[PDB]
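Each answer follows from the model by the rule given with it, or from the source it names; no laboratory read-out is quoted. Don't worry about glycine lacking a Cβ; one is built from the backbone with ideal geometry, like all the others, and counts go over all protein chains shown.
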Amino acid sequence: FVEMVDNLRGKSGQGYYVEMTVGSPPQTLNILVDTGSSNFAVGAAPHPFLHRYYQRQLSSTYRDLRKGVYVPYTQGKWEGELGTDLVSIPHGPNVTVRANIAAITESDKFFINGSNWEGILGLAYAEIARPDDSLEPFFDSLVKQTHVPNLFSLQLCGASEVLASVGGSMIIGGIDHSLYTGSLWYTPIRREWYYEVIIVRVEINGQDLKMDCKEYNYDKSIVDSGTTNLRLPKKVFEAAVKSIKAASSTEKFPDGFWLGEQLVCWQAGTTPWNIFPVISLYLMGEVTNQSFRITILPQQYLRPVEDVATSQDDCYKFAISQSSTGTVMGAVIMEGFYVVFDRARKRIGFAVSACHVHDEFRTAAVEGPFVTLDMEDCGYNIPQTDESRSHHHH
Ligand SMILES: NC1=N[C@@]2(c3ccc(F)cc3F)COCC[C@H]2CS1
């Protein structure tokens, strides 16, 4: 797996990408690693934010599927033509797969200016693939066509004119022991669609938020490398900000900071990290009535941003935000840990990353077990729409 170490790069807040090749001869593209979607989609037409794009015409191995694909999401949209081609990960397993590729022809607020990526690798399940669940995702094709074990793991490492460079590792088909210390704790994958999990308790500086645990998973909780922030449901976000405000009260920040629309600065190397509390998310254990906690530092949820004007100061953005689509454990969360997407055993493993950002006084932690007698079900059951109900699965 040494060949796979440091195979991820990117700019802070703009996503982690892996180099991939598509077609014959191979066209190289930088592809966003996204555990919150299930399509392999690449820029395939000019766009002002793309240096390069996939040219289907240059590939002798390209097969058109003669089917379009339209993908609107909250903040934007992408669309294109479906087809198949030969795909490889140069700094991944020494294999070539025939995979589905959505050739992006038009997009709205999808590509990020300066991100250095031209496509997306959707690593989640067939259930959330577009147009439908018959469009086999890349990982499923990789496992079906090769002898690669059904598991991948992610070590995302966090960091005037440009944004800070980030690095990381995507280990396909295994767990690399030099990327983590201590024990690996597993939480069940609730359902194979997103990488959905269950949060049973939330503590801010060791103080329980005391909400009914279904609120933490309303309407779902997912592990998403494709989202930067820790995103929390409205009521949970409000309680969290109130508690983080209380523990950091000595300093009064503008309302824009808590909304993530304004930076707060301190003289270089003088950031008072100690006034910022740790956040502990307790995840359901493999054993009924057990949980383990993942502990995140302010170094993870206060994202560093270099101000061109005040370069003599350390400036940060609050990287916890409100959600109306449930909890999103984005890169802010993942950056503290080595995360194991054990699809074969339908579970997600967390261990302390060998690369997380920390101080001499506190560390990001993975600790357990924590036991609860007569535990209520913390999972939320999404209201069934007539549309979802009508669907047939053969
Ligand atoms: N995890 C996510 N993945 C998507 C995404 C990530 C990063 C990005 F830069 C653009 C995007 F469109 C791609 O799949 C559809 C939903 C959106 C938003 S959240």
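Surrounded by fewer than 16 Cβ atoms within 10 Å (Cβ to Cβ) and in contact with a helix residue (DSSP H, G or I) (Cβ under 8 Å, 6 or more places away or on another chain): which single residue out of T250, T310, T227 fits that description? Before the answer, list the steps.
Details: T310 fails: in contact with a helix residue (DSSP H, G or I) (Cβ under 8 Å, 6 or more places away or on another chain); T227 fails: surrounded by fewer than 16 Cβ atoms within 10 Å (Cβ to Cβ).
That would be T250, the only listed residue that is surrounded by fewer than 16 Cβ atoms within 10 Å (Cβ to Cβ) and in contact with a helix residue (DSSP H, G or I) (Cβ under 8 Å, 6 or more places away or on another chain).
If the Cβ limit is 7 Å and pairs must be 6+ apart or interchain, which residue in the range 4-22 that is under 17 Å from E118 (Cβ atoms) pairs with which residue that is among the charged types (D, E, K, R) and surrounded by fewer than 24 Cβ atoms within 10 Å (Cβ to Cβ)?
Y17/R9
I'd like to know if the range 59-69 contains one or more residues that are within 16 Å of the ligand (Cβ to nearest atom) and out of contact with any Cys (no Cβ under 6 Å at 6 or more places or on another chain). Break it down stepwise before answering.
Here is the first cut: in the range 59-69, the residues within 16 Å of the ligand (Cβ to nearest atom) are 69.
Next, only the ones that are out of contact with any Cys (no Cβ under 6 Å at 6 or more places or on another chain) stay: 69.
So far as the range 59-69 goes, yes, one or more of its residues are within 16 Å of the ligand (Cβ to nearest atom) and out of contact with any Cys (no Cβ under 6 Å at 6 or more places or on another chain).
Out of the strands (runs of 3 or more DSSP E) lying entirely within the range 71-160, which hold 2 or more residues that are within 27 Å of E3 (Cα to Cα) and within 16 Å of the ligand (Cβ to nearest atom)? Spell out the reasoning first.
Values: elements: 77-88, 96-108, 119-122, 152-157.
Here the list reads 96-108, 119-122, 152-157.
From (1) farther than 24 Å from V328 by Cβ; (2) hydrophobic (A, V, I, L, M, F, W, C); (3) buried (at least 19 other Cβ atoms within 10 Å of the Cβ), pick out the condition that doesn't hold for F40.
(1)
Going through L65, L50 one at a time, which residue ends up being part of a strand (DSSP E or B) and either among the polar types (S, T, N, Q) or farther than 15 Å from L121 by Cβ (or both)?
Numbers: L50 fails: part of a strand (DSSP E or B).
After ruling out the rest, the residue left standing is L65.
In the same structural domain as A159 (by CATH), surrounded by 17 or more Cβ atoms within 10 Å (Cβ to Cβ) and farther than 25 Å from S153 by Cα: is that true of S321 in this structure? Before you say what the answer is, go through the steps one by one.
Working: in the same structural domain as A159 (by CATH): yes; surrounded by 17 or more Cβ atoms within 10 Å (Cβ to Cβ): yes; farther than 25 Å from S153 by Cα: yes.
Against the criterion (in the same structural domain as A159 (by CATH), surrounded by 17 or more Cβ atoms within 10 Å (Cβ to Cβ) and farther than 25 Å from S153 by Cα), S321 qualifies.
When you scan the range 48-58, do you find a residue that is within 11 Å of the ligand (Cβ to nearest atom) and among the aliphatic types (A, V, I, L, M), even just one? Give the steps one after another, and end with the answer.
If we filter the range 48-58 for residues that are within 11 Å of the ligand (Cβ to nearest atom), which is where we start, we get 49.
Among the residues that remain, those that are also among the aliphatic types (A, V, I, L, M) are: none.
The answer is no; no qualifying residue exists.
Has the range 208-226 got at least one residue that is within 16 Å of the ligand (Cβ to nearest atom) and among the acidic types (D, E)? Can you show your working first?
If we filter the range 208-226 for residues that are within 16 Å of the ligand (Cβ to nearest atom), which is where we start, we get 219-226.
Going one step further and asking which of them are among the acidic types (D, E), we end up with 219, 224.
Yes, the range 208-226 has at least one match.
Can you name the condition, by its number, that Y16 falls short on among (1) away from the ligand (no atom under 12 Å from the Cβ); (2) touching a strand residue (DSSP E or B) at 6+ places or on another chain (Cβ under 7 Å)?
Answer for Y16: the failing condition is (1).
How many of the residues making up the range 345-387 are part of a loop (DSSP other than H, G, I, E, B), hydroxyl-bearing (S, T, Y) and under 23 Å from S169 (Cβ atoms)?
Residues that pass the stated criteria total 1.
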